[PDB]
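Just below is one structure, and these are the notes that go with it.
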Amino acid sequence: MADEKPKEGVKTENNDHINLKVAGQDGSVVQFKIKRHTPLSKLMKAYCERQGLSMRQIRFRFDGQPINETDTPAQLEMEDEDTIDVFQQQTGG
């Protein structure tokens, strides 16, 4: 209900929104629906929060290059239903 649509009457998002999927070392993949101009950081942090991972423990990577919260999906010119590579950067103690 309100978790997907506001109390407003006429509203729509025909914007260019793409689906991004992220794959971890475990083989666990999560799918997200965000806008091309929307920071992927949202889905990235959402991934670790739901998966039980830390940003200091893992890292996202696309097009071979590492992803940051300062990166947007439109910069990498990625398409919907593409896959993100996550790896464990756990080093310390």
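Report the charge-dipole magnitude of the chain in Debye, nearest 20, computed about the Cα centre from +1 at each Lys and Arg Cβ and -1 at each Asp and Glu Cβ. Display every interim value, and only then the final one.
Values: 13 positive and 16 negative charges, 79 e Å.
So the magnitude is around 380 debye.
Using the count of nearby Cβ atoms within 10 Å as a rough guide to exposure, how do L40, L20, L53, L76 rank from fewest to most? Kindly include the intermediate steps, with their values, before the conclusion.
Numbers: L40 27, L20 23, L53 19, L76 14.
Fewest-to-most Cβ neighbours within 10 Å comes out as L76, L53, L20, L40.
I want to check a number: in the chain, how many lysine pairs have alpha carbons closer than 22 Å, given a sequence separation of 8 or more or different chains?
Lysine pairs satisfying the spacing and distance rule in the chain number 14.
Using only the alpha-carbon atoms, how far is helix 41-51 inclined from the longest principal axis of the chain? Give it as 0 to 90 degrees, nearest 10.
60
For a quick check: sort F60, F87 by the number of other beta carbons within 10 angstrom, fewest at the front. Working shown, then result.
Numbers: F60 25, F87 13.
The most exposed by this proxy come first: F87, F60.
Debye calculation, C-alpha points only, no solvent: report log10 I(q)/I(0) for the chain at q = 0.16, 0.17, 0.19, 0.20 Å⁻¹, in the same order as the q values.
-0.68, -0.75, -0.89, -0.96
For the chain, what proportion of DSSP beta bridges, expressed in % and rounded to the nearest 5, is antiparallel? Present the calculation step by step, with values, prior to reporting the outcome.
Values: 13 of 17 bridges.
If I count the DSSP bridges inside the chain, around 75 percent turn out antiparallel.
As a footprinting exposure proxy, order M55, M44, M1, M78 by other Cβ within 10 Å, with the fewest listed first.
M1, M55, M78, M44
In deg cm²/dmol, rounded to 500, what helix-only [θ] at 222 nm does the chain give when every DSSP H run of at least 4 residues adds -39500 (n - 2.57) and the total is split over its residues? Intermediate results must be reported in sequence, preceding the final value.
On the way: 1 runs with 11 residues, N = 93.
Per the formula, -3500 deg cm²/dmol.
Taken together, the values in this text are just the output of simple stated rules run on the coordinates, not laboratory data. Please note: Cβ atoms are built from the backbone with ideal geometry, for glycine as well, and neighbour counts cover all protein chains shown.
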